[PDB]
Structures are given as structure tokens and as C-alpha cells.
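Below is one structure, written out as C-alpha cells; comments come after it.
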Amino acid sequence: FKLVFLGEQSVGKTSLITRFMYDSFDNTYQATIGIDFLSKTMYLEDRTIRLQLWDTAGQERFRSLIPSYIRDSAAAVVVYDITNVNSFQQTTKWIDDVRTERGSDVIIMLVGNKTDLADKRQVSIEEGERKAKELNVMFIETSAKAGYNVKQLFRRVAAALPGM
Ligand SMILES: Nc1nc2c(ncn2[C@@H]2O[C@H](COP(=O)(O)OP(=O)(O)NP(=O)(O)O)[C@@H](O)[C@H]2O)c(=O)[nH]1
Ligand SMILES: [Mg+2]
């Protein structure tokens, strides 16, 4: 099951993955160079879901590679930063990009990350929910830093993956 993480640079794609994989968080920003692969098999009672995590770069110089990264994805996790309006606005085109590559053969989750920065919120949870409904995708808010909703993010995505 190919799961691609997408979104603007510095929204916390890698940190979400690190938190899910290792229950750790690093405050120091280490930009993803193109793509990094990780594997995690989620061991549910009725199925086994070998996740192939495609951690993609949000930096502009890798943008041309994004279509190739989305190719054949079973799931797309589109991440924004709740403190960054631009990052939220850009999620429509990320989700658009997934749709024109995958049509309906993809599970899409819209993630509003960094809820630990509640003081600096620029996008409300209602705005996030609204966009998800408009774009017919799932929605969740997370904090990679605190750990909040990270396990839930991955569990909900995996639950949504079609059986066949
Ligand atoms: N407060 C807070 N900071 C976070 C959170 N998630 C990530 N960060 C911080 O935001 C910065 C970017 O995180 P990172 O995971 O590298 O983002 P990215 O989306 O992978 N960026 P890139 O596209 O360049 O790989 C880092 O300094 C990280 O510590 C979060 O939930 N809360
Ligand atoms: Mg990254």
C-alpha cells in the first residue's frame, strides 16, 4: 500500500512520519531531499497492511518529481500547518494533483498539523473540515510535536484503504 505524504515545505510531513514510526520529534528542521522511503506494516485483526511510506519534499526544486511520487499511490496524506494560511490554501492543488493522477483509486486525508501552536492558529478546525467535505476527503488535526492524533491519523487512513 503506497502512502504518499504531500504538502508545502515545513508543514511537518516528516515529523508526522517520525512520530508515527518512532514516537520522537526533532525541533531542528531537516528538509527532505526529493523522497525518503519507510516501511511499516500495520497489524490489524482482519488484515495486514504493509505501508510503503513515500515521504516527499515540499521544497520547490523537487516539484517536477511530485507526479512520479503520486503515481500508483493507494493513499495520499496532504499536510498543512494550521499557523500558515498559504500552506492550507495550497492543499487544494495538492489534492487536485492527486485526483488527476489517481481519480477515485486513492484514499485522501487532509491534515492540519501543529495544533500545539494553538496561540498562532491561522486556520480554524471548521475551515479545515469545510475544505475536506468540499473536496470529498477525510480530515484530522494533529501535533507531531505533542504526538496528538498521530496514531489516529495513520489508523484512520489504513482503516479506509479498500479491501481489494
Ligand atoms: N510546533 C510544531 N512544530 C512542528 C510540528 N511538526 C513539525 N514541526 C517542525 O516544523 C519543521 C518542519 O518539519 P518537517 O517535518 O521537516 O516538515 P516537512 O513537511 O517534512 N518539510 P519538507 O517538505 O521540506 O520535508 C521542523 O522544524 C519541525 O520541528 C508540530 O506538530 N508542531
Ligand atoms: Mg520532510
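Numbers for residues simply follow the sequence, beginning at 1. Counting convention: from 1, in listed order, for ligands and their atoms alike. Hydrogens, waters and symmetry mates play no part in the numbers below; they use all other heavy atoms, side chains included.
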- Atoms in ligand 1 with a heavy atom of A144 nearer than 4.0 Å: 6 (N), 30 (C), 31 (O)
- Query: Quick one: which ligand 1 atoms are inside 4.0 Å of a heavy atom on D26?
  - Reply: 28 (C), 29 (O)
- Query: Is the distance between the Mg ion (ligand 2) and the nearest N/O/S atom of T32 smaller than 2.8 Å?
  - Reply: yes
- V78 pairs by side-chain contact (heavy atoms from CB on, under 4.5 Å) with which of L135, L6, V4? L6
- Query: Within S15, is some N, O or S atom less than 2.8 Å away from the Mg ion (ligand 2)?
  - Reply: no
- With hydrophobic residues grouped by side-chain heavy-atom distances under 4.5 Å, do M138 and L3 end up in a single group? yes
- Query: Is the closest heavy atom of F5 to ligand 1 under 4.0 Å?
  - Reply: no
- Enumerate the atoms of ligand 1 whose separation from the nearest heavy atom of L117 is less than 4.0 angstrom. 1 (N)
- Between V85, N84, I82, which is the residue that forms a side-chain contact (heavy atoms from CB on, under 4.5 Å) with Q122? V85
- Note: ligand 1 atoms sitting under 4.0 Å from heavy atoms of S143 are 31 (O)
- Task: Ignoring hydrogens and angles, state whether a donor on the side chain of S143 or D116 is under 3.5 Å from an acceptor on the partner side chain.
- Result: yes
- Does the side chain of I35 reach to within under 4.5 Å of the side chain of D55, using non-hydrogen atoms? no
- Task: Kindly identify the option in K120, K145, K13, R19 whose heavy atom sits closest to atom 22 (P) of ligand 1.
- Result: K13
- Task: Check whether any N or O atom of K114, backbone or side chain, sits under 3.5 Å from an N or O atom of ligand 1, and answer yes or no.
- Result: yes
- Contact region, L16 to ligand 1, non-hydrogen atoms below 4.0 Å, reads neither
- Message: Tell me which pairs pass salt bridge (charged side-chain N to carboxylate O under 4.0 Å, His left out) where either residue lies in residues 65-79, with sequence neighbours left out.
- Response: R71-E101
- Query: Using heavy atoms and a threshold below 4.0 Å, how should the contact between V11 and ligand 1 be classified: side chain, backbone, both, or neither?
  - Reply: both
- Message: Using 0.5 Å steps for rounding, measure from the CG atom of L161 to the NZ atom of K2.
- Response: 14.0 Å
- Would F139 end up clustered with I108 when hydrophobic side chains under 4.5 Å apart are linked, directly or stepwise? yes
- Query: Between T32 and ligand 1, which residue portion shows a heavy-atom distance shorter than 4.0 Å: side chain, backbone, both, or neither?
  - Reply: both
- Message: Give the atom numbers and elements of ligand 1 that come within less than 4.0 Å of a heavy atom of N113.
- Response: 5 (C), 6 (N), 30 (C), 31 (O)
- Message: Polar contacts were defined as any N/O atom of the residue lying under 3.5 Å from an N/O atom of the ligand; does this apply to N27 and ligand 1?
- Response: yes
- Any cation-pi pair here, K131 with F88, using under 6.0 Å and within 45°? yes
- Message: At under 4.0 Å between heavy atoms, is it the side chain or the backbone of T14 that contacts ligand 1, or both, or neither?
- Response: both
- Message: So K13 and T18, do their side chains get closer than 4.5 Å, heavy atoms only?
- Response: no
- Task: Could you walk me through whether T14 and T32 pass side chain to side chain donor-acceptor pair (under 3.5 Å), step by step?
- Result: CA-CA 8 Å; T14 302; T32 300; 2.9 Å; yes
- Message: Heavy-atom contact check, 4.0 Å cutoff: does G7 meet ligand 1?
- Response: no
- Query: Below 3.5 angstrom, do we get any N/O pair linking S15 and ligand 1?
  - Reply: yes
- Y29-ligand 1 polar pair, N/O distance under 3.5 Å: yes
- Quick note, salt bridge (charged side-chain N to carboxylate O under 4.0 Å, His left out) partners involving residues 102-115, not counting sequence neighbours, are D81-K114
- Query: Does any N/O atom on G58 come nearer than 3.5 Å to any N/O atom on ligand 1?
  - Reply: yes
- Would you mind finding which of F25, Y148, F62 brings a heavy atom closest to atom 3 (N) of ligand 1? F25
